[PDB]
Amino acid sequence: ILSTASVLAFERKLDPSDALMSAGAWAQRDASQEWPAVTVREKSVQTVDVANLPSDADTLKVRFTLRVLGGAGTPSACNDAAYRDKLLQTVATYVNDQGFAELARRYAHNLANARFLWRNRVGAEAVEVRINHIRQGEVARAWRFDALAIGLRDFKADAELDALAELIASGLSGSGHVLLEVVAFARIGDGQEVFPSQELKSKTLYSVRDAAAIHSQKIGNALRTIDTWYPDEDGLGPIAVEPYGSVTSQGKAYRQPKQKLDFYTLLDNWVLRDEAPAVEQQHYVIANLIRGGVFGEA
Amino acid sequence: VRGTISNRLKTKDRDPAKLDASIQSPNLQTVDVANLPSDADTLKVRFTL
Amino acid sequence: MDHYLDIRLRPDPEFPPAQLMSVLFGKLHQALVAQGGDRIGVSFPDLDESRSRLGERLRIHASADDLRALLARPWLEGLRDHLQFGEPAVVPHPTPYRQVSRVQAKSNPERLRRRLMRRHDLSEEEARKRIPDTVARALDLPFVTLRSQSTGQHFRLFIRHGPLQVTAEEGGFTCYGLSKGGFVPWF
C-alpha cells in the first residue's frame with residue numbers, strides 16, 4: 001500500500017560553517033587575510049554584549065566555507081525499504097528530467113547577494129562577495145560579485161552566476177566535490193555596529209575564539225531563502241524553504257496544510273500516489289530534501 | 001539554535017490559526033557543536049586498536 | 001512644499017518594519033545632513049496612534065529639485081531591496097496640516113543627577129534628594145531607534161504628530177526631517 005516510512009532523517013546538504021567576522025578598510029579587500037577580528041565587548045547600560053568595528057575600520061569581512069554535498073533524496077534513516085526505493089525513484093526522476101539547475105541557481109544567488117550578511121547588509125554602502133572554489137587547497141575558480149547590484153528579491157540571470165550555478169549543480173548531483181570559500185565585505189562605516197548572532201546579562205553575542213561570528217544555521221537559512229513558489233500575497237519576496245513554509249517575523253505560516261502546498265502533502269502525493277506536483281512545488285520539495293530534516297510520522 | 005515547527009502535524013494541529021500561534025512561539029535550544037577552526041581544513045581522528 | 005514622495009516598506013521575512021523604518025530614518029538623517037537646508041519634511045501616513053506604531057510608509061515633503069536630487073543620491077543603496085518608491089508627485093488640496101516634532105523625555109534621573117552635580121557642585125545624596133525616581137516619565141509615542149556617529153550611543157527618537165490645522169505656518173525643519181516649527185500636508 002506504500003505508507004510513508006516511520007523514520008525519515010535526511011542529512012543536510014549545503015553545509016556552511018560559522019561565519020567569522022573581521023574588520024578592516026575598504027580598498028584593501030584583497031589584503032584581507034591579516035585583518036583584526038571583530039571582538040564582542042561588554043558595555044554597561046544592565047550589561048549587554050555589543051560588537052562594533054574599530055574606529056579606523058569601515059569594512060566588515062564575513063568569511064565562511066560551504067560544502068555542497070550531493071545525494072539529496074537519499075535518506076540517512078528510513079524504516080520502509082519500499083518507500084525508500086520509491087522516493088529514490090521519484091528524486092531520480094526529478095534529477096533526470098530537470099537537474100539541480102533552478103535550485104543551485106537560487107542558492108548561487110543567495111551566495112552572490114550577501115543575504116548571509118543578515119543585518120549587516122541593510123544600510124551598507126557597498127557589499128562585495130568573493131566565492132572561491134577551493135580544490136586541493138587553492139582557488140580552482142574565483143568569483144567576485146556585487147551583492148547590491150544582485151538584489152535580494154529577484155533572481156536575475158548572469159554569466160558568472162550561471163557558472164556558480166553549474167558548480168553547485170555538480171556538487172548537488174554528486175559529480176564533484178564542491179567546497180566554496182565565501183568572503184563578503186560590508187562597507188558599513190567607521191566604527192559602526194555589526195550584528196553577530198545572538199545567544200541565550202540581557203544580551204550575549206556569539207563568538208568562537210575572541211572573534212564575533214554568525215551561526216552556521218543563520219547563514220544556512222539565508223542560503224535557503226529561495227522559496228518564491230508559495231501563494232504570494234502582500235508583496236513578500238523569497239522565504240526560507242521550510243515545511244509549512246513559515247516566517248517568524250510575520251507570525252504566519254505560508255504553505256499551510258489547508259492548502260495542498262506544504263512539503264508533507266506534496267511529498268506524500270508525489271511518491272505514494274504518483275500525483276506529481278508542478279515544477280515549482282517539486283523544486284520546493286527537493287529543496288526541503290537538500291535542507292534535511294526529520295520527516296516521517298510517529 | 002532556534003527553530004520553527006517543521007514536524008508532521010496529526011490532523012488536529014493543522015488549523016491555520018493554531019499553526020500560526022505555534023510558529024509564533026519558536027523553540028530555543030543550546031546545542032553542543034564541534035567544528036574545525038577557521039584556519040584548519042583537516043580533521044585528524046586518532047585511536048588505537 | 002507642494003511635492004511629496006512616499007517610501008513604503010516592503011514586508012520582509014528577515015526584518016520587522018520597525019527596524020527597517022529605523023534604518024531608513026537613519027539613512028535619511030545622513031542624507032539630510034549631506035544635502036543641507038531646512039526645506040525637507042517627513043510624515044508617517046500609516047500612523048496608528050492607538051498602538052503607537054509608525055506604520056509602513058514614510059512620506060518626504062520638499063521642493064521638486066530637492067526630491068530629484070534625493071532620488072538619485074546613493075543614500076538608498078542597500079535599502080532598495082526593502083523599499084519601493086513612487087514618483088515626486090504634487091499634493092492634493094484641501095489637505096489638513098500637522099506638526100511632526102521630536103519629543104524627548106527625562107526618562108533617566110541619573111543623567112539629571114550628573115547635570116546638577118556638574119552645575120551646582122552638589123553631592124550624590126543631595127542630587128538624589130532633589131531629583132527623586134518619580135521624575136522618570138516615559139512617552140506613549142511611536143519612535144525610531146537610531147545610533148549616532150558623533151558619539152556612539154543608541155537613542156530612541158520619539159515622533160509626535162501634532163493636531164490637524166487648516167493652514168500652514170512658515171518655518172524650517174530639522175536634519176532628521178522633523179519640524180522645528182514648520183508644517184507638512186497630511187493626507
# chains A, B, ... in the order shown; residues from 1 in each chain; ligands from 1
$ interface_residues --of "chain A" --to "chain B" --cutoff "6 Å" --atoms "only C-alpha atoms" --output "list in words"
residues 243, 251, 252 and 253 of chain A
$ interface_residues --of "chain C" --to "chain A" --cutoff "8 Å" --atoms "only C-alpha atoms" --output "PyMOL selection string"
chain C and resi 10-16+23+27+74-79+81+149
$ write_last_selection --atoms "N, CA, C and O atoms" --output "PDB file, in the first residue's frame"
ATOM      1  N   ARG C  10       8.610  47.413   2.047  1.00  0.00           N
ATOM      2  CA  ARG C  10       8.162  46.084   1.670  1.00  0.00           C
ATOM      3  C   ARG C  10       8.130  45.194   2.903  1.00  0.00           C
ATOM      4  O   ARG C  10       8.863  45.443   3.861  1.00  0.00           O
ATOM      5  N   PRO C  11       7.291  44.166   2.945  1.00  0.00           N
ATOM      6  CA  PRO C  11       7.423  43.179   4.011  1.00  0.00           C
ATOM      7  C   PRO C  11       8.638  42.313   3.754  1.00  0.00           C
ATOM      8  O   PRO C  11       9.047  42.097   2.612  1.00  0.00           O
ATOM      9  N   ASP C  12       9.228  41.819   4.833  1.00  0.00           N
ATOM     10  CA  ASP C  12      10.462  41.094   4.707  1.00  0.00           C
ATOM     11  C   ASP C  12      10.371  39.901   5.646  1.00  0.00           C
ATOM     12  O   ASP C  12       9.848  40.037   6.761  1.00  0.00           O
ATOM     13  N   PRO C  13      10.836  38.722   5.226  1.00  0.00           N
ATOM     14  CA  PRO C  13      10.874  37.595   6.163  1.00  0.00           C
ATOM     15  C   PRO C  13      11.924  37.771   7.236  1.00  0.00           C
ATOM     16  O   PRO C  13      11.831  37.144   8.299  1.00  0.00           O
ATOM     17  N   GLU C  14      12.929  38.602   6.983  1.00  0.00           N
ATOM     18  CA  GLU C  14      14.075  38.727   7.863  1.00  0.00           C
ATOM     19  C   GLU C  14      13.887  39.780   8.944  1.00  0.00           C
ATOM     20  O   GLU C  14      14.194  39.515  10.110  1.00  0.00           O
ATOM     21  N   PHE C  15      13.387  40.963   8.589  1.00  0.00           N
ATOM     22  CA  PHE C  15      13.424  42.125   9.471  1.00  0.00           C
ATOM     23  C   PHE C  15      12.012  42.619   9.744  1.00  0.00           C
ATOM     24  O   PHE C  15      11.144  42.526   8.854  1.00  0.00           O
ATOM     25  N   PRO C  16      11.732  43.160  10.926  1.00  0.00           N
ATOM     26  CA  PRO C  16      10.425  43.743  11.184  1.00  0.00           C
ATOM     27  C   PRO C  16      10.327  45.117  10.550  1.00  0.00           C
ATOM     28  O   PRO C  16      11.352  45.694  10.157  1.00  0.00           O
ATOM     29  N   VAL C  23      16.330  52.013  10.154  1.00  0.00           N
ATOM     30  CA  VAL C  23      17.448  52.106   9.213  1.00  0.00           C
ATOM     31  C   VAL C  23      17.173  53.165   8.151  1.00  0.00           C
ATOM     32  O   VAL C  23      18.066  53.942   7.784  1.00  0.00           O
ATOM     33  N   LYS C  27      19.367  56.580   7.547  1.00  0.00           N
ATOM     34  CA  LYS C  27      19.918  56.925   6.238  1.00  0.00           C
ATOM     35  C   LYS C  27      19.356  58.240   5.722  1.00  0.00           C
ATOM     36  O   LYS C  27      20.072  59.005   5.063  1.00  0.00           O
ATOM     37  N   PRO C  74      23.078  58.308  -3.517  1.00  0.00           N
ATOM     38  CA  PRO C  74      23.303  56.907  -3.112  1.00  0.00           C
ATOM     39  C   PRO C  74      22.963  56.583  -1.663  1.00  0.00           C
ATOM     40  O   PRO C  74      23.456  55.565  -1.160  1.00  0.00           O
ATOM     41  N   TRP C  75      22.162  57.398  -0.970  1.00  0.00           N
ATOM     42  CA  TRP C  75      21.769  57.053   0.395  1.00  0.00           C
ATOM     43  C   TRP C  75      20.810  55.866   0.437  1.00  0.00           C
ATOM     44  O   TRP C  75      20.630  55.253   1.496  1.00  0.00           O
ATOM     45  N   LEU C  76      20.186  55.526  -0.687  1.00  0.00           N
ATOM     46  CA  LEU C  76      19.275  54.392  -0.754  1.00  0.00           C
ATOM     47  C   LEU C  76      19.947  53.112  -1.237  1.00  0.00           C
ATOM     48  O   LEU C  76      19.265  52.088  -1.366  1.00  0.00           O
ATOM     49  N   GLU C  77      21.251  53.148  -1.513  1.00  0.00           N
ATOM     50  CA  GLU C  77      21.991  51.947  -1.884  1.00  0.00           C
ATOM     51  C   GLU C  77      22.068  51.000  -0.692  1.00  0.00           C
ATOM     52  O   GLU C  77      22.500  51.390   0.397  1.00  0.00           O
ATOM     53  N   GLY C  78      21.643  49.758  -0.896  1.00  0.00           N
ATOM     54  CA  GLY C  78      21.499  48.818   0.186  1.00  0.00           C
ATOM     55  C   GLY C  78      20.125  48.793   0.808  1.00  0.00           C
ATOM     56  O   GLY C  78      19.779  47.802   1.466  1.00  0.00           O
ATOM     57  N   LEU C  79      19.330  49.847   0.618  1.00  0.00           N
ATOM     58  CA  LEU C  79      17.966  49.902   1.122  1.00  0.00           C
ATOM     59  C   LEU C  79      16.920  49.596   0.064  1.00  0.00           C
ATOM     60  O   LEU C  79      15.753  49.401   0.410  1.00  0.00           O
ATOM     61  N   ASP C  81      16.255  47.074  -1.732  1.00  0.00           N
ATOM     62  CA  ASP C  81      15.641  45.754  -1.729  1.00  0.00           C
ATOM     63  C   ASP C  81      14.610  45.603  -0.623  1.00  0.00           C
ATOM     64  O   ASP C  81      14.045  44.518  -0.464  1.00  0.00           O
ATOM     65  N   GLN C 149      26.775  58.964  15.052  1.00  0.00           N
ATOM     66  CA  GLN C 149      28.127  58.836  14.523  1.00  0.00           C
ATOM     67  C   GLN C 149      29.099  59.793  15.200  1.00  0.00           C
ATOM     68  O   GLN C 149      30.303  59.522  15.242  1.00  0.00           O
TER      69      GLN C 149
END
$ select_by_dssp --residues "chain B" --states "strand (DSSP E or B)" --output "JSON, numbers by chain"
{"B": [2, 3, 27, 28]}
$ select_by_dssp --residues "segment 64-108 of chain A" --states "alpha helix (DSSP H)" --output "ChimeraX atom specification"
/A:81-97,103-108
$ residues_around --residues "residue 145 of chain C" --least-positions-apart "3" --cutoff "10 Å" --atoms "only C-alpha atoms" --output "ChimeraX atom specification"
/C:18-19,21-23,25-26,154-158
$ write_last_selection --atoms "C-alpha atoms" --output "short mmCIF file (atom, residue, chain, number, x, y, z; two decimals), in the first residue's frame"
data_model
loop_
_atom_site.label_atom_id
_atom_site.label_comp_id
_atom_site.auth_asym_id
_atom_site.auth_seq_id
_atom_site.Cartn_x
_atom_site.Cartn_y
_atom_site.Cartn_z
CA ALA C 18 10.12 48.94 12.90
CA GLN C 19 13.78 48.08 12.35
CA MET C 21 11.97 52.19 9.48
CA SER C 22 14.84 52.82 11.91
CA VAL C 23 17.45 52.11 9.21
CA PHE C 25 15.27 57.13 9.12
CA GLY C 26 18.97 56.94 9.93
CA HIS C 154 21.77 54.33 20.69
CA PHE C 155 18.82 56.66 21.20
CA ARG C 156 15.09 56.37 20.69
CA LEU C 157 13.84 59.33 18.66
CA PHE C 158 10.18 59.71 19.61
#
$ atom_distance --atom1 "atom CA of residue 176 of chain C" --atom2 "atom CA of residue 90 of chain C"
22.1 Å
$ decode --residues "segment 74-98 of chain A" --atoms "N, CA, C and O atoms" --output "compact mmCIF listing (two decimals), in the first residue's frame"
# COMPACT_ATOMS: atom_id res chain seq x y z
N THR A 74 18.49 10.70 -1.05
CA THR A 74 18.84 9.50 -0.30
C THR A 74 18.77 9.80 1.19
O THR A 74 19.50 10.67 1.67
N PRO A 75 17.94 9.11 1.96
CA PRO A 75 17.82 9.41 3.38
C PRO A 75 18.91 8.75 4.20
O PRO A 75 19.49 7.74 3.82
N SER A 76 19.19 9.36 5.35
CA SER A 76 20.14 8.81 6.30
C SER A 76 19.52 7.80 7.24
O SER A 76 20.25 7.05 7.90
N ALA A 77 18.19 7.76 7.34
CA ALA A 77 17.50 6.78 8.16
C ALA A 77 16.11 6.60 7.57
O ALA A 77 15.42 7.59 7.32
N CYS A 78 15.72 5.35 7.35
CA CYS A 78 14.44 5.05 6.72
C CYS A 78 14.04 3.63 7.04
O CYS A 78 14.77 2.69 6.73
N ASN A 79 12.87 3.47 7.65
CA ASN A 79 12.36 2.16 8.02
C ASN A 79 11.94 1.33 6.81
O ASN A 79 12.49 0.25 6.56
N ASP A 80 10.96 1.81 6.05
CA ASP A 80 10.41 1.07 4.93
C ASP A 80 11.36 1.14 3.74
O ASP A 80 11.66 2.23 3.25
N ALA A 81 11.82 -0.02 3.29
CA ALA A 81 12.74 -0.05 2.15
C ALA A 81 12.01 0.22 0.84
O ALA A 81 12.60 0.81 -0.07
N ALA A 82 10.75 -0.21 0.73
CA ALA A 82 9.98 0.05 -0.48
C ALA A 82 9.69 1.53 -0.65
O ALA A 82 9.74 2.07 -1.76
N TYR A 83 9.41 2.22 0.47
CA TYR A 83 9.25 3.67 0.44
C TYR A 83 10.54 4.35 0.05
O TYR A 83 10.52 5.35 -0.67
N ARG A 84 11.68 3.84 0.54
CA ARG A 84 12.97 4.42 0.21
C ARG A 84 13.29 4.25 -1.27
O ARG A 84 13.78 5.19 -1.91
N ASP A 85 12.96 3.09 -1.84
CA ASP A 85 13.20 2.88 -3.26
C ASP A 85 12.27 3.72 -4.13
O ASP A 85 12.70 4.26 -5.15
N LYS A 86 11.01 3.88 -3.71
CA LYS A 86 10.10 4.73 -4.47
C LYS A 86 10.47 6.21 -4.37
O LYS A 86 10.38 6.94 -5.36
N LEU A 87 10.92 6.65 -3.19
CA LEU A 87 11.38 8.02 -3.01
C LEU A 87 12.64 8.29 -3.81
O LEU A 87 12.79 9.37 -4.40
N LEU A 88 13.53 7.31 -3.89
CA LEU A 88 14.74 7.47 -4.69
C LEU A 88 14.41 7.47 -6.18
O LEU A 88 15.05 8.19 -6.95
N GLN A 89 13.40 6.70 -6.59
CA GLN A 89 12.96 6.74 -7.98
C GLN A 89 12.33 8.08 -8.32
O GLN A 89 12.56 8.60 -9.42
N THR A 90 11.58 8.65 -7.39
CA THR A 90 10.97 9.96 -7.59
C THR A 90 12.02 11.06 -7.70
O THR A 90 11.97 11.90 -8.61
N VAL A 91 12.99 11.06 -6.79
CA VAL A 91 14.06 12.06 -6.81
C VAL A 91 14.93 11.89 -8.06
O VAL A 91 15.30 12.88 -8.70
N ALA A 92 15.21 10.65 -8.45
CA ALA A 92 15.99 10.41 -9.66
C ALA A 92 15.22 10.81 -10.91
O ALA A 92 15.83 11.25 -11.89
N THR A 93 13.89 10.68 -10.88
CA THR A 93 13.05 11.17 -11.96
C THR A 93 13.13 12.69 -12.07
O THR A 93 13.21 13.24 -13.17
N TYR A 94 13.14 13.37 -10.92
CA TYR A 94 13.31 14.82 -10.89
C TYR A 94 14.65 15.24 -11.49
O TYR A 94 14.70 16.10 -12.37
N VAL A 95 15.74 14.61 -11.04
CA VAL A 95 17.08 14.99 -11.50
C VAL A 95 17.29 14.63 -12.97
O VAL A 95 17.96 15.37 -13.70
N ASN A 96 16.71 13.53 -13.44
CA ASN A 96 16.87 13.18 -14.85
C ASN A 96 16.03 14.07 -15.74
O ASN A 96 16.46 14.43 -16.85
N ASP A 97 14.83 14.46 -15.29
CA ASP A 97 14.03 15.40 -16.06
C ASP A 97 14.62 16.80 -16.01
O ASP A 97 14.75 17.46 -17.04
N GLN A 98 14.97 17.26 -14.82
CA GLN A 98 15.50 18.61 -14.63
C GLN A 98 16.41 18.63 -13.41
O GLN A 98 15.95 18.62 -12.27
